[PDB]
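Asker: Can you keep this structure in mind? I'll have questions shortly.
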2 protein chains.
Amino acid sequence: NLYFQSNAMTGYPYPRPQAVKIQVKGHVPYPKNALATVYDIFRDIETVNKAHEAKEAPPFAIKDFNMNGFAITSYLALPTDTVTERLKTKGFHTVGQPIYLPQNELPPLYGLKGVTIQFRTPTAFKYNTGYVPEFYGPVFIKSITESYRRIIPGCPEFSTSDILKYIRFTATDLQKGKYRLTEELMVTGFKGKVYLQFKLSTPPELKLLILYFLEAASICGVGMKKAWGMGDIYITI
Amino acid sequence: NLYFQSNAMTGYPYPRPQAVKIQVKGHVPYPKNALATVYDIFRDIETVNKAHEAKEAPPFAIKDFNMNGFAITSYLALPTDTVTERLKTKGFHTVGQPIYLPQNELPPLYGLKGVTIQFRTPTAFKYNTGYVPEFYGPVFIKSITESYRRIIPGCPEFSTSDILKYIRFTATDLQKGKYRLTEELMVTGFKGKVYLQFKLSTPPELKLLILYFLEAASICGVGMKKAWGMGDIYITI
Ligand SMILES: OC[C@H]1O[C@@H](O)[C@H](O)[C@@H](O)[C@@H]1O
Ligand SMILES: OC[C@H]1O[C@@H](O)[C@H](O)[C@@H](O)[C@@H]1O
Ligand SMILES: OC[C@H]1O[C@@H](O)[C@H](O)[C@@H](O)[C@@H]1O
Ligand SMILES: OC[C@H]1O[C@@H](O)[C@H](O)[C@@H](O)[C@@H]1O
């Protein structure tokens with residue numbers, strides 16, 4: 001059975017993350033150069049500049065990097081005409097029209113058994129004196145809730161421990177992959193599929209909240225160098 | 001004596017509201033025309049367009065309207081060079097550099113007895129049976145809480161009644177004032193100074209939250225037609 005929460009913290013729905021994705025055509029040798037280009041066109045957005053000088057995560061990420069171009073995802077409310085005009089000045093052309101995320105409304109999640117997470121680019125988590133290229137459930141829940149809170153400030157502090165009591169992670173197998181960040185830096189992380197299974201006791205409000213955390217992580221990326229395109233995930237329900 | 005909260009919803013600080021203010025020189029006849037100009041220069045920001053279509057509160061407000069110009073406050077992260085260039089195209093000159101709110105850090109509030117709230121433009125609250133140009137404490141608290149949640153979207157549902165247990169409002173006197181919105185609509189609202197006094201039982205965490213609510217209300221405006229410049233408030237501690 002379902003028991004619905006009456007309190008102020010989990011008795012109300014939380015906002016669904018929103019973002020914009022812009023596709024860019026043009027050759028750059030490394031993700032380092034794509035990231036630098038995006039900082040350059042956002043020089044008059046104070047929040048971006050402050051984050052960069054504080055070496056905090058920027059409100060955007062490079063995605064789908066290759067030799068022909070890349071995508072930019074951002075949760076800032078951007079004037080897209082200005083983005084196109086500034087990229088064109090720098091020799092880059094935007095392709096198609098901006099994509100506004102989320103694209104579709106969600107159905108009710110009653111009877112949703114779990115969520116599939118595909119790590120599409122190599123992923124690793126950073127720690128003092130060593131990044132860890134391995135999947136840890138609690139570490140991943142901390143990452144995705146931090147990404148949700150960056151997009152949606154003002155959320156109360158969720159307890160990681162209490163979320164984990166209602167979920168189980170499994171993986172048939174994960175594999176390794178290499179991601180070249182700069183001429184001199186290549187990192188080896190994990191890739192592949194993890195299944196997030198809800199326990200039968202999962203409060204119904206928590207399924208939707210977990211989906212929204214995963215949507216935020218799909219926007220921001222997971223783990224180290226997420227703004228460079230590491231830790232890119234696809235979610236399936 | 002102070003008793004500190006251990007629970008997750010009031011035991012952690014919430015974000016301070018941030019905004020940008022841009023001052024514009026240029027005559028337009030009515031606040032209506034200023035509002036229209038701002039919508040026009042934000043035509044490629046999907047969030048603003050969608051909110052305008054749904055008749056939701058925009059994420060900006062006209063302030064300081066006079067014969068020779070006005071100001072725009074917004075809590076969007078704006079590329080301010082683009083805003084200046086688009087205004088200049090319409091014949092408006094931006095004065096000086098953008099102002100980033102808040103300008104200063106706050107001190108500890110343990111000694112703070114209350115807050116002075118000055119209604120600098122006419123203020124009124126709207127209802128189906130007609131606008132009410134009168135100060136009501138609970139209505140004001142609901143207004144400022146909603147403003148804070150519009151700037152800081154994840155903010156949980158606070159109890160208005162619980163907040164009101166800890167504050168007292170007073171005024172020496174309040175005055176009336178007229179605010180012309182269009183060539184065919186002028187509204188009469190109240191103006192003047194209200195004092196918000198914290199009771200001695202006020203939990204420490206709540207003084208800072210209330211100040212943040214008032215800072216959000218200073219950015220957004222209070223009551224009807226806030227985006228047109230009505231209900232502008234100035235806070236002093
Ligand atoms: O990829 C989705 C599938 O992954 C499997 O590991 C699970 O057992 C299935 O329940 C799920 O539908
Ligand atoms: O620079 C990023 C690139 O690093 C290479 O090692 C990978 O094979 C590519 O998939 C990736 O796009
Ligand atoms: O401490 C001074 C304050 O005391 C209150 O009782 C008054 O209502 C306020 O107007 C005054 O600013
Ligand atoms: O249009 C707005 C104007 O309305 C007039 O009625 C007020 O006296 C002015 O203070 C205000 O600037």
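Each chain of the structure tokens is named A, B, ... in the order shown, its residues numbered from 1; ligands are numbered from 1 in display order.
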Once chain B has been least-squares superposed onto chain A, matching all their Cα atoms in order, can you return it as a tab-separated table (two decimals) with C-alpha atoms, in the first residue's frame?

Answerer:
```
chain	number	residue	atom	x	y	z
B	1	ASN	CA	-0.27	-0.07	-0.07
B	2	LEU	CA	0.55	3.64	-0.42
B	3	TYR	CA	0.83	5.97	2.59
B	4	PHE	CA	1.02	9.64	1.58
B	5	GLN	CA	3.15	12.19	3.42
B	6	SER	CA	1.40	15.03	5.24
B	7	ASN	CA	4.57	17.00	6.15
B	8	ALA	CA	5.73	20.13	4.36
B	9	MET	CA	9.07	18.77	3.12
B	10	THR	CA	7.95	15.64	1.24
B	11	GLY	CA	4.20	16.30	0.96
B	12	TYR	CA	4.52	18.80	-1.92
B	13	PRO	CA	6.07	18.24	-5.36
B	14	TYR	CA	9.32	19.92	-6.31
B	15	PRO	CA	10.10	21.63	-9.62
B	16	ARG	CA	11.05	19.65	-12.70
B	17	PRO	CA	14.47	20.70	-14.05
B	18	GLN	CA	14.46	22.72	-17.29
B	19	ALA	CA	17.33	23.39	-19.65
B	20	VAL	CA	18.23	24.31	-23.22
B	21	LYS	CA	20.47	22.33	-25.54
B	22	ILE	CA	22.22	23.87	-28.53
B	23	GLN	CA	24.10	21.79	-31.09
B	24	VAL	CA	27.24	23.30	-32.63
B	25	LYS	CA	29.15	22.34	-35.77
B	26	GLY	CA	32.83	23.21	-35.82
B	27	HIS	CA	36.05	21.37	-35.14
B	28	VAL	CA	38.02	22.07	-32.00
B	29	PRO	CA	40.83	19.74	-30.87
B	30	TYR	CA	39.78	19.06	-27.26
B	31	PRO	CA	36.89	19.50	-24.82
B	32	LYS	CA	39.11	22.10	-23.15
B	33	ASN	CA	38.71	24.31	-26.22
B	34	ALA	CA	34.94	23.83	-26.34
B	35	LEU	CA	34.65	24.79	-22.66
B	36	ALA	CA	36.82	27.86	-23.25
B	37	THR	CA	34.61	28.95	-26.15
B	38	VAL	CA	31.47	28.83	-24.02
B	39	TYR	CA	33.02	30.86	-21.20
B	40	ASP	CA	34.05	33.44	-23.81
B	41	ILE	CA	30.55	33.93	-25.23
B	42	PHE	CA	29.14	34.26	-21.69
B	43	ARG	CA	31.68	36.91	-20.63
B	44	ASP	CA	28.97	39.48	-19.81
B	45	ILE	CA	26.93	37.14	-17.55
B	46	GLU	CA	28.20	37.96	-14.07
B	47	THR	CA	27.05	34.67	-12.53
B	48	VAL	CA	29.15	32.65	-14.99
B	49	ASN	CA	32.23	34.89	-14.53
B	50	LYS	CA	32.04	34.81	-10.72
B	51	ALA	CA	31.64	31.02	-10.70
B	52	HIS	CA	34.58	30.66	-13.07
B	53	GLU	CA	36.79	32.82	-10.81
B	54	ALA	CA	35.85	30.75	-7.75
B	55	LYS	CA	36.34	27.47	-9.68
B	56	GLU	CA	32.69	26.57	-9.06
B	57	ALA	CA	30.71	24.36	-11.42
B	58	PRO	CA	29.49	26.44	-14.38
B	59	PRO	CA	25.79	26.42	-15.26
B	60	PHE	CA	26.42	24.69	-18.58
B	61	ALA	CA	28.07	21.55	-19.84
B	62	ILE	CA	29.73	20.42	-23.05
B	63	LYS	CA	28.03	17.29	-24.38
B	64	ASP	CA	28.34	15.07	-27.45
B	65	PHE	CA	31.93	16.14	-28.21
B	66	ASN	CA	33.26	14.79	-31.49
B	67	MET	CA	35.55	15.65	-34.39
B	68	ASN	CA	32.93	17.87	-36.03
B	69	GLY	CA	31.30	19.70	-33.14
B	70	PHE	CA	29.64	19.41	-29.75
B	71	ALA	CA	26.53	20.43	-27.88
B	72	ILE	CA	25.99	22.86	-25.02
B	73	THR	CA	23.38	22.29	-22.34
B	74	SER	CA	22.56	25.03	-19.88
B	75	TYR	CA	19.98	25.65	-17.23
B	76	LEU	CA	20.35	29.41	-17.51
B	77	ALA	CA	17.50	31.30	-19.21
B	78	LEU	CA	19.52	32.32	-22.26
B	79	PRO	CA	18.67	34.68	-25.18
B	80	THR	CA	19.36	32.05	-27.76
B	81	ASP	CA	19.71	34.48	-30.68
B	82	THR	CA	22.66	36.07	-28.88
B	83	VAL	CA	24.24	32.67	-28.26
B	84	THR	CA	23.97	31.81	-31.96
B	85	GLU	CA	25.38	35.17	-33.08
B	86	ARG	CA	28.32	34.93	-30.67
B	87	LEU	CA	29.10	31.37	-31.73
B	88	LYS	CA	28.89	32.36	-35.40
B	89	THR	CA	31.43	35.11	-34.74
B	90	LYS	CA	33.90	32.43	-33.61
B	91	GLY	CA	33.16	30.29	-36.69
B	92	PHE	CA	30.69	27.86	-35.09
B	93	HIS	CA	27.37	27.04	-36.76
B	94	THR	CA	24.33	26.15	-34.66
B	95	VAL	CA	22.38	23.20	-36.02
B	96	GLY	CA	18.62	23.57	-36.17
B	97	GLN	CA	16.72	25.24	-33.36
B	98	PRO	CA	17.44	25.09	-29.61
B	99	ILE	CA	15.97	22.06	-27.85
B	100	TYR	CA	14.01	22.81	-24.68
B	101	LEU	CA	14.23	20.11	-21.98
B	102	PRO	CA	12.10	18.36	-20.87
B	103	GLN	CA	10.44	17.57	-24.17
B	104	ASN	CA	7.45	15.64	-22.81
B	105	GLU	CA	5.22	15.53	-19.75
B	106	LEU	CA	5.56	12.54	-17.39
B	107	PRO	CA	2.75	10.06	-16.65
B	108	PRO	CA	1.89	8.87	-13.12
B	109	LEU	CA	4.71	6.73	-11.75
B	110	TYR	CA	2.62	4.37	-9.60
B	111	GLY	CA	3.44	1.41	-11.81
B	112	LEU	CA	7.14	2.22	-12.23
B	113	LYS	CA	9.54	-0.52	-11.11
B	114	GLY	CA	12.85	1.25	-11.78
B	115	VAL	CA	14.92	3.36	-14.15
B	116	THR	CA	17.72	2.50	-16.57
B	117	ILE	CA	20.74	4.81	-16.40
B	118	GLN	CA	23.21	4.63	-19.28
B	119	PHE	CA	26.66	6.17	-18.77
B	120	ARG	CA	27.40	7.23	-22.34
B	121	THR	CA	30.79	8.84	-21.71
B	122	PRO	CA	33.49	7.75	-19.27
B	123	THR	CA	32.66	8.64	-15.66
B	124	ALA	CA	34.78	8.96	-12.53
B	125	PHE	CA	34.51	10.54	-9.09
B	126	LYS	CA	37.30	12.71	-7.80
B	127	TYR	CA	39.01	12.60	-4.38
B	128	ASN	CA	42.18	14.06	-2.88
B	129	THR	CA	43.92	10.66	-3.13
B	130	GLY	CA	42.99	10.26	-6.83
B	131	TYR	CA	39.90	9.87	-9.03
B	132	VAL	CA	37.85	6.66	-8.60
B	133	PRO	CA	36.58	5.35	-11.94
B	134	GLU	CA	34.00	3.06	-10.33
B	135	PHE	CA	30.24	3.18	-9.72
B	136	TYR	CA	29.21	3.58	-6.10
B	137	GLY	CA	25.50	3.92	-5.32
B	138	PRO	CA	25.73	6.42	-2.46
B	139	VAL	CA	28.32	8.54	-4.28
B	140	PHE	CA	26.07	8.64	-7.33
B	141	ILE	CA	23.05	9.67	-5.25
B	142	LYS	CA	25.07	12.50	-3.66
B	143	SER	CA	26.15	13.60	-7.15
B	144	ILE	CA	22.63	13.71	-8.61
B	145	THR	CA	21.17	15.45	-5.55
B	146	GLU	CA	23.84	18.16	-5.79
B	147	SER	CA	23.08	18.59	-9.50
B	148	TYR	CA	19.39	19.06	-8.75
B	149	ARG	CA	20.17	21.64	-6.06
B	150	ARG	CA	22.40	23.57	-8.52
B	151	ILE	CA	19.48	23.84	-10.99
B	152	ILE	CA	16.79	24.28	-8.30
B	153	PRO	CA	18.55	26.29	-5.56
B	154	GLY	CA	16.03	26.26	-2.76
B	155	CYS	CA	15.83	22.46	-2.50
B	156	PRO	CA	16.16	21.47	1.17
B	157	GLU	CA	18.88	19.20	2.42
B	158	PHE	CA	17.69	15.68	1.76
B	159	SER	CA	19.20	12.76	3.63
B	160	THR	CA	21.23	10.60	1.26
B	161	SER	CA	21.04	7.66	3.66
B	162	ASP	CA	17.24	7.97	3.82
B	163	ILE	CA	17.00	7.95	0.02
B	164	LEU	CA	19.25	4.91	-0.25
B	165	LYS	CA	17.00	2.84	2.00
B	166	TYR	CA	14.48	2.63	-0.86
B	167	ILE	CA	16.57	1.83	-3.95
B	168	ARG	CA	18.83	-0.95	-5.23
B	169	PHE	CA	21.41	-0.59	-7.98
B	170	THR	CA	22.55	-3.38	-10.26
B	171	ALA	CA	24.44	-3.88	-13.49
B	172	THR	CA	25.03	-6.83	-15.81
B	173	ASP	CA	28.57	-5.49	-16.37
B	174	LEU	CA	30.33	-2.15	-16.69
B	175	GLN	CA	33.06	-1.25	-19.18
B	176	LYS	CA	36.02	1.11	-19.20
B	177	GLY	CA	36.51	4.00	-21.58
B	178	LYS	CA	39.05	6.77	-22.14
B	179	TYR	CA	38.18	10.48	-22.43
B	180	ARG	CA	40.85	12.92	-23.62
B	181	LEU	CA	40.40	16.28	-21.93
B	182	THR	CA	43.51	18.09	-23.19
B	183	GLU	CA	46.65	17.34	-25.19
B	184	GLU	CA	48.30	16.25	-21.96
B	185	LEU	CA	45.46	14.71	-19.92
B	186	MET	CA	43.38	11.64	-20.71
B	187	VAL	CA	41.33	9.95	-18.00
B	188	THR	CA	39.95	6.41	-17.86
B	189	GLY	CA	36.45	6.10	-16.45
B	190	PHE	CA	33.59	3.63	-16.43
B	191	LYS	CA	30.73	3.35	-18.95
B	192	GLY	CA	27.65	1.18	-19.33
B	193	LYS	CA	24.17	0.54	-17.98
B	194	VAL	CA	23.02	0.59	-14.35
B	195	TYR	CA	19.48	-0.28	-13.27
B	196	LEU	CA	17.91	1.59	-10.36
B	197	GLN	CA	15.15	-0.51	-8.79
B	198	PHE	CA	12.59	0.98	-6.41
B	199	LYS	CA	11.85	-1.17	-3.38
B	200	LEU	CA	8.19	-1.87	-2.69
B	201	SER	CA	8.38	0.33	0.46
B	202	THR	CA	9.38	3.37	-1.63
B	203	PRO	CA	7.15	6.35	-0.70
B	204	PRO	CA	5.27	7.49	-3.82
B	205	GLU	CA	6.57	11.05	-3.60
B	206	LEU	CA	10.16	9.80	-3.79
B	207	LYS	CA	9.93	8.12	-7.21
B	208	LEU	CA	9.16	11.45	-8.89
B	209	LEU	CA	11.89	13.24	-6.89
B	210	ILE	CA	14.46	10.62	-7.90
B	211	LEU	CA	13.45	10.95	-11.53
B	212	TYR	CA	13.92	14.71	-11.24
B	213	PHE	CA	17.38	14.21	-9.70
B	214	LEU	CA	18.33	12.00	-12.65
B	215	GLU	CA	17.01	14.58	-15.12
B	216	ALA	CA	19.21	17.19	-13.45
B	217	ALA	CA	22.17	14.84	-13.67
B	218	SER	CA	21.46	14.26	-17.36
B	219	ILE	CA	21.68	18.04	-17.83
B	220	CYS	CA	24.75	18.69	-15.66
B	221	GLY	CA	26.73	15.46	-15.97
B	222	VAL	CA	27.96	13.10	-13.23
B	223	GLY	CA	31.32	13.15	-11.41
B	224	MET	CA	34.61	14.75	-12.34
B	225	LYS	CA	34.94	17.07	-15.34
B	226	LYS	CA	31.18	16.99	-15.91
B	227	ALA	CA	31.29	20.35	-17.66
B	228	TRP	CA	33.85	18.89	-20.12
B	229	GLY	CA	31.50	16.08	-21.16
B	230	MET	CA	32.49	13.26	-18.82
B	231	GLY	CA	29.73	11.42	-17.00
B	232	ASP	CA	27.00	12.03	-19.54
B	233	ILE	CA	23.99	9.87	-18.72
B	234	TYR	CA	20.82	8.92	-20.60
B	235	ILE	CA	17.73	7.94	-18.58
B	236	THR	CA	15.02	5.48	-19.67
B	237	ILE	CA	11.82	4.47	-17.89
```

Asker: Please identify the alpha helix (DSSP H) residues within region 13-227 of chain A (assignment by DSSP from backbone atoms) and present them as a PyMOL selection string.

Answerer: chain A and resi 31-41+46-53+80-89+137-151+160-164+204-220

Asker: Run DSSP on the backbone and give me the residues of region 157-202 of chain B it puts in strand (DSSP E or B), as a PDB file with N, CA and C atoms, in the first residue's frame.

Answerer:
```pdb
ATOM      1  N   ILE B 167       5.934  37.725  14.646  1.00  0.00           N
ATOM      2  CA  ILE B 167       6.156  39.094  14.191  1.00  0.00           C
ATOM      3  C   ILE B 167       4.941  39.953  14.488  1.00  0.00           C
ATOM      4  N   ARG B 168       5.185  41.249  14.623  1.00  0.00           N
ATOM      5  CA  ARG B 168       4.125  42.246  14.841  1.00  0.00           C
ATOM      6  C   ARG B 168       4.360  43.346  13.821  1.00  0.00           C
ATOM      7  N   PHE B 169       3.295  43.860  13.205  1.00  0.00           N
ATOM      8  CA  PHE B 169       3.440  44.971  12.295  1.00  0.00           C
ATOM      9  C   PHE B 169       2.778  46.202  12.883  1.00  0.00           C
ATOM     10  N   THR B 170       3.407  47.351  12.679  1.00  0.00           N
ATOM     11  CA  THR B 170       2.813  48.599  13.120  1.00  0.00           C
ATOM     12  C   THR B 170       3.138  49.678  12.113  1.00  0.00           C
ATOM     13  N   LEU B 174      -0.385  55.540   7.419  1.00  0.00           N
ATOM     14  CA  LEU B 174      -0.133  55.246   6.012  1.00  0.00           C
ATOM     15  C   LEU B 174      -0.901  56.248   5.158  1.00  0.00           C
ATOM     16  N   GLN B 175      -0.418  56.466   3.935  1.00  0.00           N
ATOM     17  CA  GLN B 175      -0.920  57.515   3.059  1.00  0.00           C
ATOM     18  C   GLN B 175      -1.467  56.871   1.791  1.00  0.00           C
ATOM     19  N   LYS B 176      -2.251  57.622   1.035  1.00  0.00           N
ATOM     20  CA  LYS B 176      -2.682  57.097  -0.255  1.00  0.00           C
ATOM     21  C   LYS B 176      -1.853  57.732  -1.357  1.00  0.00           C
ATOM     22  N   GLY B 177      -1.808  57.049  -2.494  1.00  0.00           N
ATOM     23  CA  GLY B 177      -1.112  57.577  -3.661  1.00  0.00           C
ATOM     24  C   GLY B 177      -1.721  56.999  -4.928  1.00  0.00           C
ATOM     25  N   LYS B 178      -1.595  57.715  -6.026  1.00  0.00           N
ATOM     26  CA  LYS B 178      -2.145  57.248  -7.295  1.00  0.00           C
ATOM     27  C   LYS B 178      -1.017  56.812  -8.212  1.00  0.00           C
ATOM     28  N   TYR B 179      -1.255  55.752  -8.998  1.00  0.00           N
ATOM     29  CA  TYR B 179      -0.236  55.246  -9.926  1.00  0.00           C
ATOM     30  C   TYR B 179      -0.928  55.004 -11.267  1.00  0.00           C
ATOM     31  N   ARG B 180      -0.554  55.785 -12.289  1.00  0.00           N
ATOM     32  CA  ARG B 180      -1.169  55.628 -13.595  1.00  0.00           C
ATOM     33  C   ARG B 180      -0.436  54.526 -14.353  1.00  0.00           C
ATOM     34  N   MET B 186      -5.826  54.252 -13.887  1.00  0.00           N
ATOM     35  CA  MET B 186      -5.030  54.724 -12.756  1.00  0.00           C
ATOM     36  C   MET B 186      -5.607  54.044 -11.526  1.00  0.00           C
ATOM     37  N   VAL B 187      -4.737  53.608 -10.632  1.00  0.00           N
ATOM     38  CA  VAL B 187      -5.143  52.904  -9.428  1.00  0.00           C
ATOM     39  C   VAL B 187      -4.664  53.673  -8.202  1.00  0.00           C
ATOM     40  N   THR B 188      -5.450  53.632  -7.142  1.00  0.00           N
ATOM     41  CA  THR B 188      -5.074  54.299  -5.898  1.00  0.00           C
ATOM     42  C   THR B 188      -4.692  53.225  -4.901  1.00  0.00           C
ATOM     43  N   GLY B 189      -3.477  53.318  -4.375  1.00  0.00           N
ATOM     44  CA  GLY B 189      -2.961  52.353  -3.426  1.00  0.00           C
ATOM     45  C   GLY B 189      -2.433  53.059  -2.192  1.00  0.00           C
ATOM     46  N   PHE B 190      -1.905  52.256  -1.256  1.00  0.00           N
ATOM     47  CA  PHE B 190      -1.312  52.858  -0.064  1.00  0.00           C
ATOM     48  C   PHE B 190       0.211  53.006  -0.218  1.00  0.00           C
ATOM     49  N   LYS B 191       0.762  53.921   0.593  1.00  0.00           N
ATOM     50  CA  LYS B 191       2.199  54.198   0.637  1.00  0.00           C
ATOM     51  C   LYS B 191       2.565  54.524   2.074  1.00  0.00           C
ATOM     52  N   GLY B 192       3.860  54.396   2.408  1.00  0.00           N
ATOM     53  CA  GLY B 192       4.316  54.798   3.721  1.00  0.00           C
ATOM     54  C   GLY B 192       5.174  53.738   4.370  1.00  0.00           C
ATOM     55  N   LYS B 193       5.359  53.868   5.680  1.00  0.00           N
ATOM     56  CA  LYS B 193       6.351  53.087   6.415  1.00  0.00           C
ATOM     57  C   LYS B 193       5.642  52.156   7.387  1.00  0.00           C
ATOM     58  N   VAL B 194       5.990  50.883   7.323  1.00  0.00           N
ATOM     59  CA  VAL B 194       5.542  49.851   8.252  1.00  0.00           C
ATOM     60  C   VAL B 194       6.764  49.315   8.979  1.00  0.00           C
ATOM     61  N   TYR B 195       6.634  49.064  10.267  1.00  0.00           N
ATOM     62  CA  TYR B 195       7.695  48.460  11.063  1.00  0.00           C
ATOM     63  C   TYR B 195       7.336  47.018  11.373  1.00  0.00           C
ATOM     64  N   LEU B 196       8.255  46.114  11.075  1.00  0.00           N
ATOM     65  CA  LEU B 196       8.104  44.696  11.401  1.00  0.00           C
ATOM     66  C   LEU B 196       8.970  44.401  12.614  1.00  0.00           C
ATOM     67  N   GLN B 197       8.330  44.031  13.715  1.00  0.00           N
ATOM     68  CA  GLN B 197       9.026  43.797  14.981  1.00  0.00           C
ATOM     69  C   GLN B 197       9.090  42.297  15.209  1.00  0.00           C
ATOM     70  N   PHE B 198      10.278  41.776  15.520  1.00  0.00           N
ATOM     71  CA  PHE B 198      10.404  40.374  15.914  1.00  0.00           C
ATOM     72  C   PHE B 198      10.029  40.229  17.386  1.00  0.00           C
TER      73      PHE B 198
END
```
